[PDB]
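This is structure_3.txt. It holds compact mmCIF, C-alpha atoms and all ligand atoms.
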# COMPACT_ATOMS: atom_id res chain seq x y z
CA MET A 1 35.29 -36.34 -51.33
CA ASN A 2 33.21 -38.55 -48.95
CA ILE A 3 31.77 -38.39 -45.41
CA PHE A 4 35.09 -39.31 -43.76
CA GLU A 5 36.91 -36.54 -45.62
CA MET A 6 34.04 -34.13 -44.97
CA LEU A 7 34.18 -34.69 -41.21
CA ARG A 8 37.97 -34.65 -41.26
CA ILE A 9 37.75 -31.15 -42.77
CA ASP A 10 35.22 -30.09 -40.14
CA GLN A 11 36.63 -31.83 -37.05
CA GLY A 12 40.25 -32.78 -37.91
CA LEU A 13 41.94 -36.15 -37.37
CA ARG A 14 43.83 -36.68 -34.12
CA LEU A 15 45.57 -39.88 -33.08
CA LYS A 16 46.24 -38.87 -29.48
CA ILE A 17 43.69 -37.70 -26.95
CA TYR A 18 42.95 -33.97 -27.07
CA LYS A 19 40.44 -31.60 -25.43
CA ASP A 20 37.45 -30.21 -27.33
CA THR A 21 35.91 -26.77 -26.86
CA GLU A 22 34.33 -27.80 -23.53
CA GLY A 23 37.48 -29.45 -22.28
CA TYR A 24 36.25 -33.00 -22.97
CA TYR A 25 38.67 -35.75 -23.94
CA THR A 26 38.29 -36.60 -27.60
CA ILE A 27 40.23 -38.53 -30.28
CA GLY A 28 40.02 -39.52 -33.92
CA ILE A 29 37.46 -37.59 -36.00
CA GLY A 30 35.67 -35.86 -33.12
CA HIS A 31 35.04 -39.04 -31.06
CA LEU A 32 34.11 -37.92 -27.56
CA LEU A 33 35.55 -40.40 -25.06
CA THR A 34 34.04 -38.98 -21.86
CA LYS A 35 33.01 -35.76 -20.17
CA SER A 36 34.92 -36.91 -17.10
CA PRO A 37 37.76 -34.62 -15.97
CA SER A 38 39.90 -37.80 -15.52
CA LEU A 39 42.38 -38.52 -18.34
CA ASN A 40 42.71 -42.01 -16.94
CA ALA A 41 38.97 -42.56 -17.42
CA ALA A 42 39.30 -41.33 -20.99
CA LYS A 43 42.16 -43.77 -21.64
CA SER A 44 40.22 -46.66 -20.14
CA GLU A 45 37.31 -45.87 -22.42
CA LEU A 46 39.63 -45.57 -25.41
CA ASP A 47 41.05 -49.02 -24.76
CA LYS A 48 37.51 -50.46 -24.68
CA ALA A 49 36.50 -48.59 -27.83
CA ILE A 50 39.52 -49.72 -29.85
CA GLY A 51 39.86 -53.15 -28.24
CA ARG A 52 43.60 -52.72 -27.45
CA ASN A 53 45.80 -51.23 -24.70
CA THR A 54 46.43 -47.90 -26.50
CA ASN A 55 47.85 -45.64 -23.74
CA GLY A 56 45.99 -42.82 -25.43
CA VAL A 57 47.43 -43.31 -28.97
CA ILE A 58 45.66 -44.92 -31.97
CA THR A 59 46.41 -45.59 -35.61
CA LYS A 60 44.65 -43.97 -38.56
CA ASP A 61 43.02 -47.32 -39.38
CA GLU A 62 41.65 -47.44 -35.82
CA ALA A 63 40.39 -43.87 -36.04
CA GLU A 64 38.60 -44.58 -39.27
CA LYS A 65 36.97 -47.71 -37.87
CA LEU A 66 35.86 -45.67 -34.83
CA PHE A 67 34.50 -43.01 -37.19
CA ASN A 68 32.52 -45.59 -39.18
CA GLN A 69 31.09 -46.94 -35.92
CA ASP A 70 30.06 -43.40 -35.01
CA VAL A 71 28.41 -42.89 -38.43
CA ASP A 72 26.52 -46.17 -38.03
CA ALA A 73 25.33 -45.13 -34.56
CA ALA A 74 24.25 -41.70 -35.85
CA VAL A 75 22.27 -43.33 -38.68
CA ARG A 76 20.64 -45.89 -36.38
CA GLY A 77 19.61 -43.07 -34.04
CA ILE A 78 18.29 -40.93 -36.94
CA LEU A 79 16.20 -43.90 -38.09
CA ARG A 80 14.70 -44.34 -34.59
CA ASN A 81 13.82 -40.62 -34.32
CA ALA A 82 10.32 -39.88 -35.58
CA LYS A 83 11.26 -36.33 -36.67
CA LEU A 84 14.49 -37.24 -38.44
CA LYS A 85 13.72 -40.64 -40.08
CA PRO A 86 11.31 -39.38 -42.79
CA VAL A 87 13.70 -36.58 -43.75
CA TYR A 88 16.73 -38.91 -43.86
CA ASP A 89 14.84 -41.53 -45.83
CA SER A 90 13.83 -38.85 -48.36
CA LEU A 91 17.35 -37.42 -48.89
CA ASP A 92 20.04 -38.45 -51.34
CA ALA A 93 23.43 -39.71 -50.09
CA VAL A 94 25.23 -36.35 -50.08
CA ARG A 95 22.47 -34.58 -48.20
CA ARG A 96 22.32 -37.53 -45.77
CA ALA A 97 26.00 -36.86 -45.08
CA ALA A 98 25.16 -33.26 -44.25
CA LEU A 99 22.49 -34.43 -41.78
CA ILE A 100 24.95 -36.91 -40.20
CA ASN A 101 27.48 -34.08 -39.98
CA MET A 102 25.02 -32.03 -37.93
CA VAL A 103 24.42 -35.02 -35.64
CA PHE A 104 28.20 -35.38 -35.08
CA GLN A 105 28.45 -31.71 -34.15
CA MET A 106 25.40 -31.15 -31.97
CA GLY A 107 23.73 -34.52 -31.27
CA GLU A 108 20.49 -36.00 -32.48
CA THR A 109 18.16 -34.00 -30.19
CA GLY A 110 19.70 -30.74 -31.37
CA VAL A 111 19.22 -31.61 -35.03
CA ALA A 112 15.64 -32.70 -34.43
CA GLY A 113 14.89 -29.19 -33.15
CA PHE A 114 15.34 -27.70 -36.64
CA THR A 115 11.61 -27.98 -37.30
CA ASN A 116 11.21 -25.72 -40.26
CA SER A 117 14.50 -26.69 -41.89
CA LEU A 118 13.59 -30.38 -41.70
CA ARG A 119 10.19 -29.67 -43.23
CA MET A 120 11.78 -27.88 -46.16
CA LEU A 121 14.37 -30.64 -46.65
CA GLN A 122 11.72 -33.33 -46.76
CA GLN A 123 9.90 -31.27 -49.43
CA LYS A 124 13.13 -30.73 -51.47
CA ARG A 125 12.74 -26.96 -50.94
CA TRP A 126 16.48 -26.55 -50.80
CA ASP A 127 16.84 -22.76 -50.88
CA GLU A 128 14.21 -22.32 -48.15
CA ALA A 129 15.84 -25.04 -46.08
CA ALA A 130 19.16 -23.19 -46.34
CA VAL A 131 17.58 -19.92 -45.18
CA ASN A 132 15.97 -21.66 -42.23
CA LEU A 133 19.11 -23.58 -41.22
CA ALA A 134 21.02 -20.35 -40.71
CA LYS A 135 18.40 -19.04 -38.19
CA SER A 136 19.96 -20.98 -35.36
CA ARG A 137 22.43 -20.73 -32.52
CA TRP A 138 24.45 -23.33 -34.47
CA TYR A 139 25.09 -20.97 -37.37
CA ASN A 140 26.15 -18.19 -35.06
CA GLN A 141 28.47 -20.39 -33.02
CA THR A 142 30.19 -22.02 -35.99
CA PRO A 143 29.29 -20.03 -39.10
CA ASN A 144 32.04 -21.38 -41.35
CA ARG A 145 31.14 -25.00 -40.76
CA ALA A 146 27.44 -24.24 -40.87
CA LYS A 147 27.83 -22.47 -44.20
CA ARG A 148 29.59 -25.53 -45.62
CA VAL A 149 26.94 -27.92 -44.34
CA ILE A 150 24.16 -25.60 -45.54
CA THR A 151 25.69 -25.38 -49.03
CA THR A 152 25.82 -29.17 -49.10
CA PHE A 153 22.08 -29.33 -48.30
CA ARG A 154 21.34 -26.60 -50.80
CA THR A 155 23.26 -28.09 -53.72
CA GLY A 156 23.47 -31.83 -53.00
CA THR A 157 27.11 -31.72 -54.11
CA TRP A 158 30.45 -31.92 -52.30
CA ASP A 159 31.60 -28.58 -53.72
CA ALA A 160 31.84 -26.72 -50.40
CA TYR A 161 34.35 -29.33 -49.23
CA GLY A 162 36.07 -29.83 -52.61
CA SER A 163 37.03 -26.18 -52.60
CA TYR A 164 39.65 -27.08 -49.95
CA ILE A 165 41.39 -29.60 -52.21
CA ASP A 166 44.16 -28.77 -54.68
CA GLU A 167 43.10 -30.42 -57.95
CA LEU A 168 46.62 -31.04 -59.24
CA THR A 169 48.07 -32.82 -56.23
CA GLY A 170 45.05 -33.84 -54.16
CA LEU A 171 46.62 -32.10 -51.16
CA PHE A 172 44.74 -29.48 -49.25
CA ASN A 173 44.95 -25.98 -50.75
CA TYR A 174 45.53 -22.52 -49.32
CA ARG A 175 41.90 -22.20 -48.15
CA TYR A 176 42.50 -25.00 -45.69
CA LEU A 177 45.38 -23.24 -44.00
CA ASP A 178 43.01 -20.89 -42.13
CA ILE A 179 40.80 -23.68 -40.86
CA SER A 180 43.47 -26.16 -39.93
CA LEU A 181 45.76 -23.62 -38.28
CA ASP A 182 42.98 -21.99 -36.24
CA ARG A 183 41.79 -25.39 -35.07
CA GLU A 184 45.08 -26.92 -34.04
CA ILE A 185 46.33 -23.72 -32.40
CA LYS A 186 43.16 -23.59 -30.28
CA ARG A 187 43.55 -27.24 -29.36
CA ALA A 188 47.19 -26.61 -28.43
CA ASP A 189 46.21 -23.58 -26.32
CA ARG A 190 43.75 -25.74 -24.31
CA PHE A 191 46.07 -28.66 -23.90
CA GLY A 192 49.49 -27.07 -23.47
CA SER A 193 50.87 -28.67 -26.61
CA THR A 194 52.99 -27.50 -29.54
CA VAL A 195 52.13 -26.86 -33.22
CA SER A 196 54.88 -26.37 -35.77
CA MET A 197 54.74 -24.99 -39.31
CA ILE A 198 57.20 -25.96 -41.99
CA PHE A 199 57.40 -24.00 -45.26
CA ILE A 200 58.94 -25.86 -48.21
CA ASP A 201 59.89 -24.26 -51.55
CA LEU A 202 61.49 -26.35 -54.26
CA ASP A 203 64.85 -25.09 -55.47
CA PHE A 204 65.12 -24.16 -59.13
CA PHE A 205 61.74 -25.64 -59.98
CA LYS A 206 61.50 -23.34 -63.02
CA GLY A 207 64.30 -25.44 -64.45
CA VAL A 208 62.00 -28.49 -64.56
CA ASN A 209 59.46 -26.59 -66.65
CA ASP A 210 62.24 -25.25 -68.88
CA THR A 211 63.81 -28.63 -69.55
CA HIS A 212 60.79 -30.94 -69.64
CA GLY A 213 57.71 -28.78 -70.15
CA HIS A 214 55.05 -27.62 -67.76
CA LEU A 215 53.07 -30.88 -67.89
CA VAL A 216 56.07 -32.75 -66.59
CA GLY A 217 56.58 -29.99 -64.00
CA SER A 218 53.00 -30.44 -62.83
CA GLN A 219 53.53 -34.18 -62.43
CA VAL A 220 56.65 -33.45 -60.39
CA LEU A 221 54.47 -31.33 -58.09
CA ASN A 222 51.99 -34.18 -57.80
CA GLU A 223 54.79 -36.59 -56.93
CA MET A 224 56.17 -34.09 -54.44
CA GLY A 225 52.81 -34.13 -52.68
CA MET A 226 53.03 -37.92 -52.46
CA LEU A 227 56.58 -37.73 -51.13
CA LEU A 228 55.59 -35.15 -48.48
CA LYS A 229 52.68 -37.28 -47.29
CA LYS A 230 55.02 -40.29 -47.05
CA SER A 231 57.48 -38.23 -45.01
CA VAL A 232 54.96 -37.14 -42.32
CA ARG A 233 52.19 -38.70 -40.20
CA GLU A 234 48.48 -38.86 -40.92
CA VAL A 235 47.69 -36.12 -38.35
CA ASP A 236 50.06 -33.70 -40.11
CA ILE A 237 48.42 -31.32 -42.59
CA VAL A 238 50.09 -30.96 -45.98
CA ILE A 239 49.03 -28.02 -48.16
CA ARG A 240 50.11 -26.85 -51.58
CA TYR A 241 49.99 -23.15 -52.50
CA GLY A 242 50.95 -22.11 -54.43
CA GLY A 243 53.20 -23.13 -57.36
CA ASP A 244 56.07 -25.13 -55.83
CA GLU A 245 55.39 -23.88 -52.27
CA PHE A 246 54.06 -26.31 -49.67
CA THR A 247 53.36 -26.15 -45.94
CA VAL A 248 53.35 -28.96 -43.41
CA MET A 249 51.68 -28.35 -40.07
CA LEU A 250 52.88 -30.76 -37.41
CA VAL A 251 50.47 -31.89 -34.76
CA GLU A 252 51.09 -34.11 -31.76
CA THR A 253 54.84 -33.55 -31.41
CA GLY A 254 57.25 -30.88 -30.16
CA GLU A 255 60.28 -28.83 -31.20
CA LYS A 256 62.55 -31.89 -31.49
CA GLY A 257 59.98 -33.57 -33.70
CA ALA A 258 59.80 -30.53 -35.95
CA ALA A 259 63.54 -30.57 -36.52
CA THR A 260 63.47 -34.31 -37.25
CA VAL A 261 60.63 -34.03 -39.73
CA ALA A 262 62.05 -31.03 -41.56
CA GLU A 263 65.40 -32.78 -41.96
CA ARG A 264 63.66 -35.97 -43.12
CA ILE A 265 61.76 -34.01 -45.77
CA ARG A 266 64.87 -32.22 -47.01
CA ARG A 267 66.87 -35.45 -47.23
CA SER A 268 64.01 -37.34 -48.89
CA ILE A 269 63.63 -34.72 -51.62
CA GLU A 270 67.35 -34.60 -52.25
CA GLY A 271 67.55 -38.38 -52.52
CA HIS A 272 64.46 -38.88 -54.73
CA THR A 273 64.45 -39.39 -58.48
CA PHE A 274 61.26 -37.82 -59.77
CA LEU A 275 59.23 -39.53 -62.50
CA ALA A 276 61.51 -42.52 -62.38
CA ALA A 277 58.79 -45.01 -63.40
CA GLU A 278 58.23 -42.85 -66.52
CA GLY A 279 61.97 -43.03 -67.32
CA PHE A 280 62.98 -39.56 -66.11
CA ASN A 281 66.02 -38.68 -64.01
CA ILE A 282 64.78 -35.47 -62.39
CA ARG A 283 66.65 -34.38 -59.27
CA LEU A 284 65.64 -31.51 -56.98
CA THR A 285 66.37 -30.06 -53.57
CA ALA A 286 64.21 -27.81 -51.41
CA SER A 287 64.69 -25.02 -48.91
CA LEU A 288 62.75 -25.42 -45.69
CA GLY A 289 61.97 -23.08 -42.82
CA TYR A 290 60.04 -23.83 -39.66
CA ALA A 291 58.85 -22.28 -36.46
CA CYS A 292 57.20 -23.71 -33.33
CA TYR A 293 54.25 -22.43 -31.33
CA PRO A 294 54.23 -21.37 -28.56
CA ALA A 295 58.02 -21.54 -28.16
CA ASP A 296 58.91 -19.10 -30.97
CA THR A 297 55.78 -16.92 -30.89
CA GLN A 298 52.31 -16.79 -29.38
CA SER A 299 50.73 -15.36 -32.54
CA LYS A 300 49.49 -17.74 -35.26
CA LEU A 301 50.08 -15.13 -37.90
CA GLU A 302 53.62 -14.54 -36.64
CA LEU A 303 54.23 -18.30 -36.69
CA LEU A 304 53.59 -18.27 -40.44
CA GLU A 305 55.78 -15.19 -40.90
CA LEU A 306 58.70 -16.75 -38.98
CA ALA A 307 58.59 -20.05 -40.83
CA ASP A 308 58.44 -18.28 -44.20
CA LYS A 309 61.33 -15.93 -43.27
CA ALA A 310 63.38 -18.95 -42.15
CA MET A 311 62.75 -20.65 -45.49
CA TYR A 312 63.83 -17.52 -47.37
CA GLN A 313 66.98 -17.34 -45.25
CA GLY A 314 67.80 -20.83 -46.57
CA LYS A 315 67.11 -19.70 -50.12
CA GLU A 316 69.57 -16.81 -49.67
CA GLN A 317 72.21 -19.03 -48.01
CA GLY A 318 72.73 -21.76 -50.59
CA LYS A 319 69.38 -23.67 -50.65
CA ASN A 320 68.98 -27.41 -49.92
CA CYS A 321 68.79 -26.61 -46.21
CA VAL A 322 66.54 -26.27 -43.15
CA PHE A 323 66.37 -23.25 -40.86
CA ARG A 324 64.33 -22.75 -37.74
CA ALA A 325 63.19 -19.23 -37.00
CA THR A 326 65.94 -17.49 -35.00
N1 LIG B 1 54.40 -27.00 -64.15
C1 LIG B 1 53.83 -26.20 -63.25
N2 LIG B 1 54.47 -25.08 -62.90
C2 LIG B 1 53.92 -24.24 -62.01
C3 LIG B 1 52.62 -24.54 -61.44
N3 LIG B 1 52.32 -23.55 -60.60
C4 LIG B 1 53.35 -22.68 -60.63
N4 LIG B 1 54.29 -23.10 -61.47
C5 LIG B 1 55.54 -22.41 -61.80
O1 LIG B 1 56.55 -22.66 -60.84
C6 LIG B 1 57.44 -21.55 -60.83
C7 LIG B 1 57.65 -21.20 -59.38
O2 LIG B 1 58.44 -20.02 -59.29
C8 LIG B 1 56.74 -20.43 -61.60
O3 LIG B 1 57.28 -20.28 -62.90
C9 LIG B 1 55.33 -20.92 -61.78
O4 LIG B 1 54.76 -20.44 -63.00
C10 LIG B 1 51.99 -25.78 -61.88
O5 LIG B 1 50.89 -26.10 -61.44
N5 LIG B 1 52.63 -26.53 -62.76
MG MG B 2 61.01 -22.64 -55.84
Let's see the structure in the file written out as structure tokens.
Ligand SMILES: Nc1nc2c(ncn2[C@@H]2O[C@H](CO)[C@@H](O)[C@H]2O)c(=O)[nH]1
Ligand SMILES: [Mg+2]
Amino acid sequence: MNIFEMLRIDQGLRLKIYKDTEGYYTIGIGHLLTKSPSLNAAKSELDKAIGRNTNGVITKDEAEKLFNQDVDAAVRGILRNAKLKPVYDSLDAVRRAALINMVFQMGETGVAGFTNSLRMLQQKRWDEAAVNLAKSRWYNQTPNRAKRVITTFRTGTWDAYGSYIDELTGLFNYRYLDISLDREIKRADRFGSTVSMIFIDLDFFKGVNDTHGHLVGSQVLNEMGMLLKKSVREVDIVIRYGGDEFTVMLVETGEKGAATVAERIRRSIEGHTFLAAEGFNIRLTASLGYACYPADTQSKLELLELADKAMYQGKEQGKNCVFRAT
């Protein structure tokens, strides 16, 4: 965990322009391009910011450079702010990340208005700072993010963000499904775009544990996570759940893209030899099901239900297959 991954959890990563909660054109890890209603003005600013003719689309490397520029500007502003500089200078690196996080969300002036919280932070009175931080419009507006940021100030650890990471595979875990889904569905609702969910369940995975032992099976799941990430884009969200069950949430594409990605995943699993560098010859297939929002449903919960039912239909009809919700 680090400040990039922390803000990616809180703000997502997007490689095409989207609209934030106020309707403002944004890209990357929460980089506001403009408040202008003009998409053209947003694209002209994006080209200046990246230093390329982007037509509204950037690479992950570009988004992370833009993010680092935004962190540097937040720190330089903190250091020029008489109320924030002494607190920042006094904090350790993790708690500085929490302060920067607040500046990303609400701006420097907003953070500087946390008079009593800042006092307690400068005095290392962590529990009192956490109580004071929650007495704010910020906490009420975004309580889940504020609780994470507050826990980071209270503890000085990354644990509130690490609890979204699956230890075995390094993928996101089931706790991230709520956050990521709610966020990309809302962004799609504002923008008129599509979100698709793909459920993937390995076929006969118990047979790997039976033949090679559970430690080998766990390494197969780790390699499966790597293969899924290689098969999708950096804006797509890959989660493990549980056991040999994974989800992929597709962002920034449509129904045709969902079909293409699900078929690519199925084919890539079927063609892959697992643990080959360790001398194994493990072969697997998977059953996949997917559904698209808003085409197939206008309920996020139903979207999950339909993709899972489509996957199970594949399981019942021979496995090694992809079904879209009917
Ligand atoms: N090796 C291994 N097997 C698992 C893990 N999680 C679930 N499983 C097994 O995968 C099978 C899925 O049906 C079940 O027997 C689970 O016990 C894991 O982390 N490692
Ligand atoms: Mg299975």
With 12 Å as the cut-off and all atoms listed in the file counted, what is the closest atom pair between each nearby residue of stretch 2-90 of chain A and stretch 237-242 of chain A? Distances in Å to one decimal, ordered by chain and number, as CSV.
residue,atom,partner,partner_atom,distance
A:8,CA,A:237,CA,11.0
A:9,CA,A:237,CA,10.7
A:12,CA,A:237,CA,9.5
A:13,CA,A:237,CA,9.6
A:14,CA,A:237,CA,11.0
Could you tell me, counting all atoms listed in the file, which protein and nucleic acid residues lie no more than 12 Å from ligand MG 2 (chain B), written as an mmCIF file with C-alpha atoms, in the coordinates of the input?
data_model
loop_
_atom_site.group_PDB
_atom_site.id
_atom_site.type_symbol
_atom_site.label_atom_id
_atom_site.label_comp_id
_atom_site.auth_asym_id
_atom_site.auth_seq_id
_atom_site.Cartn_x
_atom_site.Cartn_y
_atom_site.Cartn_z
ATOM 1 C CA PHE A 199 57.400 -24.000 -45.260
ATOM 2 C CA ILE A 200 58.940 -25.860 -48.210
ATOM 3 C CA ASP A 201 59.890 -24.260 -51.550
ATOM 4 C CA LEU A 202 61.490 -26.350 -54.260
ATOM 5 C CA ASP A 203 64.850 -25.090 -55.470
ATOM 6 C CA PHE A 204 65.120 -24.160 -59.130
ATOM 7 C CA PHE A 205 61.740 -25.640 -59.980
ATOM 8 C CA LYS A 206 61.500 -23.340 -63.020
ATOM 9 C CA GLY A 207 64.300 -25.440 -64.450
ATOM 10 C CA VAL A 208 62.000 -28.490 -64.560
ATOM 11 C CA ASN A 209 59.460 -26.590 -66.650
ATOM 12 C CA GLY A 217 56.580 -29.990 -64.000
ATOM 13 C CA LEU A 221 54.470 -31.330 -58.090
ATOM 14 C CA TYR A 241 49.990 -23.150 -52.500
ATOM 15 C CA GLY A 242 50.950 -22.110 -54.430
ATOM 16 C CA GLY A 243 53.200 -23.130 -57.360
ATOM 17 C CA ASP A 244 56.070 -25.130 -55.830
ATOM 18 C CA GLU A 245 55.390 -23.880 -52.270
ATOM 19 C CA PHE A 246 54.060 -26.310 -49.670
ATOM 20 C CA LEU A 284 65.640 -31.510 -56.980
ATOM 21 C CA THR A 285 66.370 -30.060 -53.570
ATOM 22 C CA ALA A 286 64.210 -27.810 -51.410
ATOM 23 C CA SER A 287 64.690 -25.020 -48.910
ATOM 24 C CA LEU A 288 62.750 -25.420 -45.690
ATOM 25 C CA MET A 311 62.750 -20.650 -45.490
ATOM 26 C CA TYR A 312 63.830 -17.520 -47.370
ATOM 27 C CA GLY A 314 67.800 -20.830 -46.570
ATOM 28 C CA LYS A 315 67.110 -19.700 -50.120
ATOM 29 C CA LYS A 319 69.380 -23.670 -50.650
ATOM 30 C CA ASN A 320 68.980 -27.410 -49.920
#
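The spacing separating atom CA of residue A:137 from atom CA of residue A:183 amounts to 20.1 Å.
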Open item on the list: Give me the residues near residue A:83 as a PyMOL selection string, where near means some atom within 9 Å (using all atoms listed in the file) and where sequence neighbours in that chain fewer than 2 positions away do not count.
Closed with: chain A and resi 78+80-81+85-87+112-113+115+118
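Proximity to ligand LIG 1 (chain B) was assessed for A:135, A:267, A:214, A:31 counting all atoms listed in the file; the smallest distance is recorded for A:214.
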If you keep C-alpha atoms, can you output stretch 153-185 of chain A as a compact mmCIF listing (two decimals), in the first residue's frame?
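Full text of result_12.txt as output:
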# COMPACT_ATOMS: atom_id res chain seq x y z
CA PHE A 153 -4.62 9.32 11.16
CA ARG A 154 -5.51 7.42 14.30
CA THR A 155 -3.21 4.46 13.73
CA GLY A 156 -0.47 5.72 11.40
CA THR A 157 -0.78 2.46 9.45
CA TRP A 158 -2.22 1.52 6.06
CA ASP A 159 -4.56 -1.06 7.59
CA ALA A 160 -7.83 0.63 6.61
CA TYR A 161 -6.75 0.40 2.97
CA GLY A 162 -5.01 -3.00 3.26
CA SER A 163 -8.28 -4.53 4.34
CA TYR A 164 -9.40 -4.24 0.69
CA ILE A 165 -6.52 -6.38 -0.60
CA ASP A 166 -6.57 -10.17 -0.88
CA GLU A 167 -3.33 -11.32 0.76
CA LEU A 168 -2.91 -14.44 -1.36
CA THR A 169 -3.22 -12.90 -4.79
CA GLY A 170 -2.76 -9.17 -4.23
CA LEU A 171 -6.05 -8.56 -6.04
CA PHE A 172 -8.80 -6.60 -4.44
CA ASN A 173 -11.05 -8.64 -2.12
CA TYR A 174 -14.79 -8.88 -1.59
CA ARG A 175 -14.87 -5.69 0.52
CA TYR A 176 -13.88 -3.69 -2.52
CA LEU A 177 -16.81 -4.90 -4.58
CA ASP A 178 -19.21 -2.56 -2.73
CA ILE A 179 -17.03 0.49 -3.18
CA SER A 180 -15.98 -0.06 -6.74
CA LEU A 181 -19.42 -1.07 -7.99
CA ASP A 182 -21.22 1.83 -6.29
CA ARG A 183 -18.69 4.27 -7.69
CA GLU A 184 -18.61 3.14 -11.29
CA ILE A 185 -22.39 2.66 -11.48
